[PDB]
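Inspection log for the structure reproduced underneath, given as structure tokens.
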Protein chains: 4
Amino acid sequence: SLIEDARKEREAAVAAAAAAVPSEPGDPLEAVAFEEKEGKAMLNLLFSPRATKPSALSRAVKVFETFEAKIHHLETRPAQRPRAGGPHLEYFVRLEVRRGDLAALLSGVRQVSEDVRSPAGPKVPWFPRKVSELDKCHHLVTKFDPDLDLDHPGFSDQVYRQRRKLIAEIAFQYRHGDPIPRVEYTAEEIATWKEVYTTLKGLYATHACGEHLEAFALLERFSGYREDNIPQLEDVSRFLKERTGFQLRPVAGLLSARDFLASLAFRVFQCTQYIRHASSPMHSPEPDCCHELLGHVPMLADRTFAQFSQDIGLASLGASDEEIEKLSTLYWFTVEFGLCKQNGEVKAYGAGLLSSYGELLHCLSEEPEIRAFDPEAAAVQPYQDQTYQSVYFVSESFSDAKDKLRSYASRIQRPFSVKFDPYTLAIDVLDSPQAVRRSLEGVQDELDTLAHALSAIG
Amino acid sequence: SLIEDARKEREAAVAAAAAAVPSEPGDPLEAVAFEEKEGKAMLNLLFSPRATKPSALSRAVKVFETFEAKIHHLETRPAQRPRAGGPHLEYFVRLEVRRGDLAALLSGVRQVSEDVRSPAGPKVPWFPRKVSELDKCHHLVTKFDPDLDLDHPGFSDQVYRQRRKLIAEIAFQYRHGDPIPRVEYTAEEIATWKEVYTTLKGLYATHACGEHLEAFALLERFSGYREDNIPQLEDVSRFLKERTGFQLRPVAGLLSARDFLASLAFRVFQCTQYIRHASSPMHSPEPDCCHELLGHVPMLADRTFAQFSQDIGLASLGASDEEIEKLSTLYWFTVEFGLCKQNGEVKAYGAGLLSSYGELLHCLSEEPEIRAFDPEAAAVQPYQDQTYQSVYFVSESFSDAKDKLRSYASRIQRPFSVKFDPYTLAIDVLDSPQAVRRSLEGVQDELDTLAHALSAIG
Amino acid sequence: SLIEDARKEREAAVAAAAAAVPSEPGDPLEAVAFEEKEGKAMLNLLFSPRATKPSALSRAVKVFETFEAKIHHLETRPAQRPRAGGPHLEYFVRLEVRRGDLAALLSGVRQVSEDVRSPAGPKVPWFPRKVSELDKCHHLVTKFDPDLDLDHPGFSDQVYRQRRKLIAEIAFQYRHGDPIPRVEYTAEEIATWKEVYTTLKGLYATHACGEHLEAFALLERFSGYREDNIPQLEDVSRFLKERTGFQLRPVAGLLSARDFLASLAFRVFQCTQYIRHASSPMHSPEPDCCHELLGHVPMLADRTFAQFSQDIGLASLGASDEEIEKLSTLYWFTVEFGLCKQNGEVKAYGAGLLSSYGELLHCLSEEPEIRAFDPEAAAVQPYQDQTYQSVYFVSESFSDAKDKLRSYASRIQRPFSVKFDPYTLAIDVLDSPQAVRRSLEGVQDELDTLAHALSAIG
Amino acid sequence: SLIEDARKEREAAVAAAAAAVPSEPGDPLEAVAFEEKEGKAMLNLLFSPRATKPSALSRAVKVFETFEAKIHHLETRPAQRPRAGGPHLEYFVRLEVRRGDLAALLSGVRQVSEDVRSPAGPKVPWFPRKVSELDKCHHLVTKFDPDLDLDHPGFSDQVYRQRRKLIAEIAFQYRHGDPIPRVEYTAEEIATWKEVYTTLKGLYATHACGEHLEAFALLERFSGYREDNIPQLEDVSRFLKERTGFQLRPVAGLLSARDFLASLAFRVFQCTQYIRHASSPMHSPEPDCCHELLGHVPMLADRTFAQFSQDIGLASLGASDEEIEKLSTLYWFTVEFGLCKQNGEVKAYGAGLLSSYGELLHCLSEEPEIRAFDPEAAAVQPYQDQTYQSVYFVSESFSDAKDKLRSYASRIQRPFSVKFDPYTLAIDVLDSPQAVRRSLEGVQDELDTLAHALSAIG
Ligand SMILES: NCCc1ccc(O)c(O)c1
Ligand SMILES: NCCc1ccc(O)c(O)c1
Ligand SMILES: NCCc1ccc(O)c(O)c1
Ligand SMILES: NCCc1ccc(O)c(O)c1
Ligand SMILES: [Fe+3]
Ligand SMILES: [Fe+3]
Ligand SMILES: [Fe+3]
Ligand SMILES: [Fe+3]
């Protein structure tokens, strides 16, 4: 339903854009996007006048100086000179005018251009830079939003509502760096956990990826994945951070696509503490604690898989809503439902595959269609809800998927790039060569250390 | 007094070696170092027989097979062939014999060699690999050890003893990953903190490094470095981790040199919660909470300085006690007492310099001797205790010190090398090329990401 | 016929091995391979005695010291300890004994082992290190060897024999660094060249790779590829060196597979000055000057293709005869007959494809089988002679072929590796980490230069 | 006298600039630098009008469109916004106008600005990109220029003039890629060569760098550096190319500073075939064949020294005349006269040091001043002519000099950067990130090859 989530997010965004028009029409000056800085407003205007004699842009620049505005950058470059037949007439302005004088001279600039817009298109969808703001803003932007899910199967029990309230309070009031508040579990949830644990463990020897099996074995040895005791979150978070360098974060409510992908970028995984309804233990209408504990968490213990997911998250940064949907679809057809070709046979590592017993049976059956993984194909192919998936993609080696994702991100246009810093666990934008040099200096230092090591050995 | 600490550690180690002889002399088989594995014992013997005709090593290897021992690696190579005049006769054995049969055939091997030893010298001083064991073992190895310091100035007040008990309980019972337990502060300690804060802040505008000043300003803005409220440890730890990727760890008792250097390697700094005695606010007999908060913590906020310290810690890994002393001396003459040449004039960034008002006055005065920093010279030059330092080293740029330390580590012999992983914050030994290739793969992946970024920009 | 050449070379080598046995049998000491150094002989012996009690290797090492031999390295390590079920009993010796005393004590060592051999297997097939020896030794090893080719079509004309004599004299007496001696061309050869040039150029607009077309256009513009004048070798060599960093070398006679691959490694291509027989202008029984000028030379102007060929040559270094055959087959199915998928359609870049008009027609026809390129598949699939090829491999991008060859070389076992130095155009073996560090230093210097450039730009 | 050469070159250049004014003054449109392309002229104009109300730049841009000109890039950005107090008012234009209409509308643009210039300053001093043009253009630019040197000591003999004619004909008519035309030597020159060879070899055991000594030994072993036979140029060129990857080029006449530095960049060294005058064998008024054969050639055989010289040459590319003088001075105080600190004592490797017996005696004497090498200090300190040098710089390790030169080039501003390609021995400008990525791809490929090698070893 995450593709549904991405579609809902993008349609909500476009509706907001569809509602971003002034209530009162009739003003041709309503499309001039501007922002105000230090009492004045900095903005931009583009003109596309045809032919060559009508070059009255002087009047427009006679407008700009009419109020002693602060010009950041004026430029003019008639089109069809660098490329012919694809661009159109344009000339770039960026200027700061007194907010009162801004409209006054924009009235005069209306005497120069009528049928064009500002040259600056979509600037960027905002994204965090460090883990701290990732928690702080995305809890503030996700405040006061309870989940109803009444029409969903079950969820009519008041005790379920109280448990949801408790989980929401724990997650929403949780800050970064803090330890996971331990949550109790009565007999019903632990019994359901025991049932699902037994049913899934008895079949995990089959159809499952060997990495998943070994990760599960190590976790049940250390973290305590047993039918009797449902594991908490702090212990598994510590284990993952220690070995795979990964950690979790409790969350509830309607998570967007963007925040989830940002979390994925920061090598942190959002999670929910409560589990599915006891009336429906075989499947859950919404992914729950057991879903991640058995579908996401185990295969997430792989260093290469974690790196691949992190690369996905990195590519997700600052991407437009369409690209967000594409990345969500790729996640669905790779992480939630992913197939591997190892030891000759095909095994399953998908989270959704590793979270539903019926889907576990169906995935390796011959009824559903299976094909080799393709980034673009997985990014276009649609999904289904409340029904078994019939189309699957297989990746024999996670390295192959990683490099394919590298290529996909490379061909994905962005006005910048993104680098991750595990030292401070931060994100440094890549829009000027100076940051590239800064990163390369550390790269060279690591290379020198490696050379010293190589000299030492032998 | 850390050079004194390193000297005490090495003399204790050699005394243990001086006490590692059997109580009963007269057995020429007491020097055969051996360890027992799986019911049998794996060990090694070397022989240096002169001339060339006495080559009765066959008898020794007639000894080895006399009990069907498990031979790991037998080798023989007469000396003076590769290098002449510096080595001596040797031949390497490594074998596993039944622990009962081991001594029985060693009796026969005594018929072959008498005046030689085992070929395996010092294997390695054990060191941790991840942060978890760094806490767990080094708290278990440092258990049940209270500090007396009665002869030290003050410390006769029972309330001071109770405060020391509280700090020791907090630190010794603190585990990795846990948040810092907040510790209260009565009027006396906060008043002393206010006094020292005022006295040091009023002079930090002078004689101090600009990095220290800006770090202090940022901390007092965010962490709350003010005379009224003494800052805690969790907040500053969070700040350092967020910006400089550094964290602290409470500790008490007699810290060795080795564990401190290992902590330094893991980008974690050991610290004490209590402060100096109110009777002696001008100086402390032992470094305290204010010492690190004002001497270590501020300058530690520098990315380059933190990296330099981390490189020091990395070089410290597995080093023999003599090298431990050398590294301690370098730390004393660089971190505790370090001078920088910036903006034309000379400023101070040393922790001890930035922790004593009298030493702050004395350091930039013309009475003490000042010279340019040299790694070897700082590693040989001695110290003094309870008195102002007269010899100082200056480093105009922390990068220069960093590369000099790189060179010093390069010329420092080790049977391996060390690499740091900030993703999982772990340590991977460097003794086989395969680990080098593993690291280089990630290096190449980062290079590919940088190339993609460079393609994107422009 | 190059696969035939590789097969002939390997069967000749094994026949020499089959003839490397002493004429007089009956001596169990005839299999002890040894070499003599400075009046003594350095060699090695292996023993595989079963069980554990028969450990009379002492007697063998009682043999070694019986003549005061010079022992380089004695080792002993019973098998089934590191790996069980695949190895067998062994222990390594390497020793130098007086050449007269060598056989005398080998007689005694025969009292210890009878059914085993020396531990050192195939050391290496010798290969050059620089361009100079590549010319000097491989002309000395290929001296006094005329080509007969009488049974081949044509070649009964005495004038053809005289032309072959002239070409052989020019090539065989040509030294490295010298300019190409210009060779005249009478009316017959230039007329045949005009005919083949017209026929191939009229069709090169079709079925041919765009890189080939542009390279041919540039060459005919500069080098002078025209039907009227047959181009010489010095001009095209200068052009290739200037642009693609490649050069040619005249050669005749029966070229082995090894020397050709070594030349390929050194970014130099062996060539013949004479052309095919006028009686058979449509096809040649043996590749000639026009074959390379139109099949090899043009596509060789590609930087990426030249790099790919150079990587092939690099992988060829020191490879055993079987691997030589594999590399030859890969060259045949990639260089001589290679298909590319560009601009949607499939084009041909194979040298043999680009050298035969009939094969040019046949290659893009639907009768022959066409498949995607696979390194292993192309290395196993056989060939045919004097008949059109029915099986072809296609590579959409030369980079894909390059990385596949990288992988193939990686999985190809060698006791060392090879690096190329275009500064001195030499080859440095890679068998010790020190050379790796030496190379990495230059790599880091280039990285620093790139960082300086990046800082400068912008 | 090379500093004199650089000074003469720069004063000639500025005199040409001082003579680049129109013969007829009085036209305020004579300073508008313009170039004509495809029948029209592309150029640029800058205006610095004070205050803010006089913003009549519209009129100037009303001028530009008055003839339907082709505008490449118009920009406007008032100063004091990004940086205050150091820049002045400016706005950038670059436009192409009909060459007849260009002056016509420039007349109107004179009504807008009078006291300013074009915004494009010095574009670049032209430099070659490959070895071929380096020879072709710099022989065409240096055509018909005989050397007089009559006032110089000796050189009154007609036979000397004839020898100079022969050398000039050989060098000036020599093309790249061609072998060195061998030049005969009568009894007088070979006798002088024998004398200087004996005198310099008898002292080269002293005061000389060990690298020079070993290089000389290897050359006299192979190339044939003996008093009886004066060595030619082709043999030594082959030797240097084979080992150090360096080659020579005959040249005569008044060589500029720029062409010499470009040659140095291309790892090629200009040289003269004739030698000094027999009347003055102890010293030469101008450097000759023996000077380079004994001063430049031997120490040039060092890989590190050759790399350092190549880095100097690389930095020299496109540098302005002042920077050319700086580089020349650095060459004089490093290559011509350089001191090294090895084995404890100080030795000499300077070319001029290694070319004059009297200067050889004087250099290691205590009369001249000796100091540690500094790039800036050597780039500012002046010289003397026909007299012994009194000031010398010493570099203990050529790597130190190399990295200091790296830093000096880094701080040297250029609108681009330079990279060398030994594969095709070419120069690729570094002004766009795409070329950086192209280079980095090959760097990564070499890294992958190194990783494969490292995997193979062990
Ligand atoms: N993004 C939609 C919610 C979600 C998150 C993580 C999962 O593993 C999953 O199956 C579903
Ligand atoms: N190592 C001795 C104790 C110590 C630790 C850190 C310091 O900064 C300091 O001044 C003293
Ligand atoms: N190696 C066999 C001879 C040969 C060499 C080069 C070729 O391009 C070719 O077609 C044939
Ligand atoms: N550049 C001035 C001429 C010159 C060139 C090379 C030298 O080594 C030298 O001493 C003098
Ligand atoms: Fe899931
Ligand atoms: Fe301190
Ligand atoms: Fe061919
Ligand atoms: Fe010189």
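Ordering of the structure tokens sets the chain letters (A, B, ...), residue numbers begin anew at 1 in every chain, and ligands are numbered from 1 in the order given.
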
Write out as CSV a residue-level contact list of chain D versus ligand 8 with cut-off 10 Å: for each qualifying residue the closest pair of atoms and the distance in Å to one decimal, counting only C-alpha atoms and all ligand atoms, rows sorted by chain and residue number upward.
residue,atom,partner,partner_atom_place_in_ligand_line,distance
D:2,CA,ligand 8,1 (Fe),9.6
D:286,CA,ligand 8,1 (Fe),9.7
D:287,CA,ligand 8,1 (Fe),6.5
D:288,CA,ligand 8,1 (Fe),8.7
D:289,CA,ligand 8,1 (Fe),10.0
D:290,CA,ligand 8,1 (Fe),9.7
D:291,CA,ligand 8,1 (Fe),6.0
D:292,CA,ligand 8,1 (Fe),5.9
D:293,CA,ligand 8,1 (Fe),9.4
D:294,CA,ligand 8,1 (Fe),8.9
D:295,CA,ligand 8,1 (Fe),5.7
D:296,CA,ligand 8,1 (Fe),5.8
D:297,CA,ligand 8,1 (Fe),9.4
D:331,CA,ligand 8,1 (Fe),9.5
D:332,CA,ligand 8,1 (Fe),8.1
D:335,CA,ligand 8,1 (Fe),7.2
D:336,CA,ligand 8,1 (Fe),4.7
D:337,CA,ligand 8,1 (Fe),8.1
D:350,CA,ligand 8,1 (Fe),7.5
D:351,CA,ligand 8,1 (Fe),4.2
D:352,CA,ligand 8,1 (Fe),4.7
D:353,CA,ligand 8,1 (Fe),8.1
D:354,CA,ligand 8,1 (Fe),8.1
D:355,CA,ligand 8,1 (Fe),7.1
D:356,CA,ligand 8,1 (Fe),9.8

Please report as a tab-separated table every residue of chain C lying within 7 Å of chain A, along with the nearest atom pair and their distance in Å (one decimal), using only C-alpha atoms.
residue	atom	partner	partner_atom	distance
C:433	CA	A:454	CA	6.5
C:434	CA	A:455	CA	6.6
C:437	CA	A:451	CA	6.1
C:451	CA	A:437	CA	6.1
C:454	CA	A:433	CA	6.5
C:455	CA	A:434	CA	6.6

Just the selected residues (N, CA and C atoms), exported as a PDB file, in the first residue's frame, please.
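Listing of out-v9.pdb after writing:
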ATOM      1  N   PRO C 433      53.621  -6.621  -2.020  1.00  0.00           N
ATOM      2  CA  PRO C 433      52.863  -5.393  -1.736  1.00  0.00           C
ATOM      3  C   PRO C 433      53.644  -4.122  -2.002  1.00  0.00           C
ATOM      4  N   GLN C 434      54.976  -4.171  -1.971  1.00  0.00           N
ATOM      5  CA  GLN C 434      55.767  -2.954  -2.119  1.00  0.00           C
ATOM      6  C   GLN C 434      55.543  -2.309  -3.481  1.00  0.00           C
ATOM      7  N   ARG C 437      52.261  -0.552  -3.370  1.00  0.00           N
ATOM      8  CA  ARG C 437      52.393   0.749  -2.723  1.00  0.00           C
ATOM      9  C   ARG C 437      53.044   1.758  -3.658  1.00  0.00           C
ATOM     10  N   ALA C 451      42.529  16.970  -7.395  1.00  0.00           N
ATOM     11  CA  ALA C 451      41.931  17.799  -6.356  1.00  0.00           C
ATOM     12  C   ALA C 451      42.343  19.255  -6.519  1.00  0.00           C
ATOM     13  N   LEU C 454      40.331  20.635  -9.343  1.00  0.00           N
ATOM     14  CA  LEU C 454      38.957  20.880  -8.925  1.00  0.00           C
ATOM     15  C   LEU C 454      38.858  22.133  -8.066  1.00  0.00           C
ATOM     16  N   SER C 455      39.843  22.351  -7.195  1.00  0.00           N
ATOM     17  CA  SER C 455      39.881  23.591  -6.430  1.00  0.00           C
ATOM     18  C   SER C 455      40.040  24.792  -7.351  1.00  0.00           C
TER      19      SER C 455
END

Q. Where does DSSP see alpha helix (DSSP H) in range 118-360 of chain C, if you list the residues as a ChimeraX atom specification?
A. /C:131-140,158-172,187-204,210-222,234-243,257-265,289-291,297-300,303-316,321-331,357-360

Q.
For residue 134 in chain C, find every residue with an atom within 8 Å (counting only C-alpha atoms), except residues of its own chain fewer than 3 positions away, and show them as a PyMOL selection string.
A. chain C and resi 128-131+137-138+259+262-263

(Q) Report as a VMD selection string all protein, DNA and RNA residues lying within 12 Å of residue 62 in chain B, evaluated on only C-alpha atoms, omitting residues in the same chain fewer than 3 positions from it. (A) (chain B and resid 56 to 59 65 to 69 105 to 106 108 to 109 111 to 112) or (chain C and resid 53 to 59 61 to 62)

Please save N, CA, C and O atoms of the selected residues as a short mmCIF file (atom, residue, chain, number, x, y, z; two decimals), in the first residue's frame.
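selection_32.cif was written with the following content:
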data_model
loop_
_atom_site.label_atom_id
_atom_site.label_comp_id
_atom_site.auth_asym_id
_atom_site.auth_seq_id
_atom_site.Cartn_x
_atom_site.Cartn_y
_atom_site.Cartn_z
N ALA B 56 71.51 -31.68 14.32
CA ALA B 56 70.73 -32.75 14.93
C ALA B 56 69.29 -32.35 15.19
O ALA B 56 68.61 -32.95 16.03
N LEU B 57 68.81 -31.33 14.48
CA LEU B 57 67.40 -30.94 14.55
C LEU B 57 66.48 -32.09 14.21
O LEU B 57 65.33 -32.10 14.68
N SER B 58 66.95 -33.06 13.42
CA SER B 58 66.18 -34.27 13.17
C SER B 58 65.73 -34.90 14.47
O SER B 58 64.55 -35.25 14.63
N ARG B 59 66.64 -35.04 15.44
CA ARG B 59 66.25 -35.56 16.74
C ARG B 59 65.11 -34.75 17.35
O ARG B 59 64.15 -35.35 17.85
N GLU B 65 57.31 -36.05 16.48
CA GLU B 65 56.45 -37.14 16.04
C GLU B 65 56.39 -38.29 17.03
O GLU B 65 55.66 -39.26 16.80
N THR B 66 57.15 -38.22 18.13
CA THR B 66 57.21 -39.35 19.05
C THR B 66 55.89 -39.56 19.78
O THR B 66 55.66 -40.63 20.36
N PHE B 67 55.01 -38.56 19.76
CA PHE B 67 53.70 -38.67 20.39
C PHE B 67 52.55 -38.35 19.44
O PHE B 67 51.46 -37.98 19.89
N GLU B 68 52.77 -38.49 18.13
CA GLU B 68 51.74 -38.23 17.12
C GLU B 68 51.13 -36.84 17.29
O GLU B 68 49.92 -36.65 17.21
N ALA B 69 51.99 -35.85 17.53
CA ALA B 69 51.54 -34.49 17.73
C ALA B 69 50.95 -33.92 16.45
O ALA B 69 51.14 -34.45 15.35
N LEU B 105 57.59 -35.37 25.68
CA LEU B 105 58.49 -35.24 24.54
C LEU B 105 59.35 -33.99 24.62
O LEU B 105 60.42 -33.94 24.00
N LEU B 106 58.93 -32.96 25.36
CA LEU B 106 59.80 -31.82 25.59
C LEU B 106 61.02 -32.23 26.39
O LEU B 106 62.10 -31.65 26.24
N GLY B 108 62.56 -35.08 25.90
CA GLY B 108 63.45 -35.56 24.86
C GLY B 108 64.01 -34.45 24.00
O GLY B 108 65.15 -34.52 23.54
N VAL B 109 63.21 -33.41 23.75
CA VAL B 109 63.68 -32.29 22.94
C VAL B 109 64.73 -31.49 23.70
O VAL B 109 65.54 -30.77 23.09
N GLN B 111 67.16 -32.88 24.98
CA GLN B 111 68.38 -33.53 24.51
C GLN B 111 68.90 -32.92 23.22
O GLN B 111 70.03 -33.24 22.81
N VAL B 112 68.13 -32.06 22.57
CA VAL B 112 68.55 -31.42 21.33
C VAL B 112 68.97 -29.97 21.54
O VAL B 112 69.99 -29.56 20.97
N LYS C 53 53.27 -42.56 11.64
CA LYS C 53 54.51 -43.12 12.17
C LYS C 53 55.65 -43.05 11.16
O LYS C 53 56.77 -42.66 11.53
N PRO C 54 55.44 -43.39 9.87
CA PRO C 54 56.56 -43.23 8.92
C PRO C 54 56.85 -41.76 8.62
O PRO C 54 56.44 -41.18 7.61
N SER C 55 57.59 -41.15 9.53
CA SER C 55 58.01 -39.75 9.45
C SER C 55 59.52 -39.67 9.36
O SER C 55 60.18 -38.92 10.08
N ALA C 56 60.09 -40.46 8.45
CA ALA C 56 61.54 -40.56 8.29
C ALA C 56 62.11 -39.43 7.43
O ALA C 56 63.20 -39.56 6.88
N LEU C 57 61.37 -38.32 7.33
CA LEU C 57 61.87 -37.14 6.65
C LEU C 57 63.18 -36.65 7.25
O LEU C 57 63.97 -36.01 6.54
N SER C 58 63.43 -36.95 8.53
CA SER C 58 64.72 -36.66 9.13
C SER C 58 65.86 -37.21 8.28
O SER C 58 66.83 -36.50 7.99
N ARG C 59 65.74 -38.47 7.85
CA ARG C 59 66.75 -39.03 6.97
C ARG C 59 66.94 -38.18 5.72
O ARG C 59 68.09 -37.91 5.34
N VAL C 61 66.38 -34.97 5.52
CA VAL C 61 67.11 -33.80 5.98
C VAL C 61 68.45 -34.20 6.57
O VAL C 61 69.34 -33.35 6.71
N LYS C 62 68.63 -35.48 6.91
CA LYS C 62 69.98 -35.98 7.16
C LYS C 62 70.76 -36.07 5.86
O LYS C 62 71.99 -35.98 5.87
#

Q: Could you jot down the CA of residue 30 in chain D to CA of residue 75 in chain D separation for me, Å, one decimal place?
A: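 Here the two named atoms are 23.4 Å from each other.
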
Q) How far is it from CA of residue 307 in chain D to CA of residue 245 in chain D, in Å with one decimal? A)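 Between CA of residue 307 in chain D and CA of residue 245 in chain D the gap is 9.8 Å.
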
Q | Filtered DSSP result for range 134-366 of chain A, state strand (DSSP E), as a list in words | A | residues 247, 248, 249, 250, 268, 269, 270, 271, 339, 340, 341, 342, 345, 346, 347 and 348 of chain A

**Q.** For CA of residue 369 in chain C and CA of residue 346 in chain C, the interatomic separation in Å (one decimal)
**A.** 13.6 Å

Q: Would you list the contacts of residue 237 in chain C as a PyMOL selection string, taking every protein, DNA or RNA residue within 8 Å and counting only C-alpha atoms, but skipping same-chain residues closer than 4 positions in sequence?
A: chain C and resi 233+241+246-248

How would the residues just chosen look if you wrote them out with N, CA and C atoms as a compact mmCIF listing (two decimals), in the first residue's frame?
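As written to disk, again_22.txt reads:
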# COMPACT_ATOMS: atom_id res chain seq x y z
N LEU C 233 53.14 2.53 -43.33
CA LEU C 233 52.97 2.17 -41.93
C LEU C 233 53.44 3.25 -40.96
N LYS C 241 49.64 6.61 -32.47
CA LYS C 241 50.38 6.98 -31.27
C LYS C 241 49.93 8.34 -30.78
N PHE C 246 48.90 4.19 -29.75
CA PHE C 246 49.18 2.86 -30.25
C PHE C 246 50.18 2.94 -31.40
N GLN C 247 50.95 1.86 -31.57
CA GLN C 247 51.93 1.78 -32.63
C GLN C 247 52.00 0.36 -33.17
N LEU C 248 52.61 0.23 -34.34
CA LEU C 248 52.69 -1.03 -35.04
C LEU C 248 54.12 -1.55 -35.05
